[PDB]
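To begin, one chain is listed below as structure tokens, in the form deposited in one PDB entry.
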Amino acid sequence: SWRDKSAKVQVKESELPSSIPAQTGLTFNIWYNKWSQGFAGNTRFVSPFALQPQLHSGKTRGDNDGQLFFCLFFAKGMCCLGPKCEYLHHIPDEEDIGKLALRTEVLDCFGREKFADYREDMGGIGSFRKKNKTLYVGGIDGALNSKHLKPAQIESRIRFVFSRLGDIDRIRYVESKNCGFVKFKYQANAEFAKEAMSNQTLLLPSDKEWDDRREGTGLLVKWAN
């Protein structure tokens, strides 16, 4: 269990761009976009950083301070703080989901304002965004490095990878569209998995293609419409 462990340092401060910002505001986006734009090319880069749920998860300062929000850097495999982090470094489970559902309505599992293209009538947040638990997952073939897997094996692969970030409700893979849909049982996991799987490979250390995973293209993960 993560509860008996201290969160591991994922990266050294020096492996990251200078001026590491807070995770809650739009400065994170500016910072992350600048980093994202340093990867040359028209196509989505495969991130050099990845969350390893079993290896990385553990207690942080947040667990002692009664923090409810998870670390955005942790989700992306980009946290240098480890046990020093004020935010949670584990996969959101029932306890966390329960706590979050009582504390806030307007903020996601990372403590960022939930964004919708529209607001409700006086005037919370967009109703569809509010209840959405389903992620659009695009560019599957690129994230596998064009590894030849059958549609059913691709479903199994997506299920296996996303299942490590929360309980799965439903998986659909559409071959003709090179895309899938991952519905989580809980929104918090969908929010977490969205940030965790952006620009990620679908390959596993068990594949012979694993070492060449950055030759492919990173996953596109968005909310489904």
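Numbers for residues come from their place in the sequence shown, where the first is 1. Take the two forms, find the largest set of C-alpha atoms that superpose within 1.5 Å, and that set is the rigid core.
This next part talks about the form deposited in another entry, which is not shown.
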| property | result |
| --- | --- |
| Core-fitted Cα difference of 2 Å or more between the shown form and the other one, single residue among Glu113, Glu95, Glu105, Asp117 | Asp117 |
| Large Cα shift (2 Å or above) at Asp211 between the shown form and the other one, core-fitted | yes |
| Direction of Cα pair change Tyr118-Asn199 in that other deposited form, magnitude 3 angstroms or more | closer |
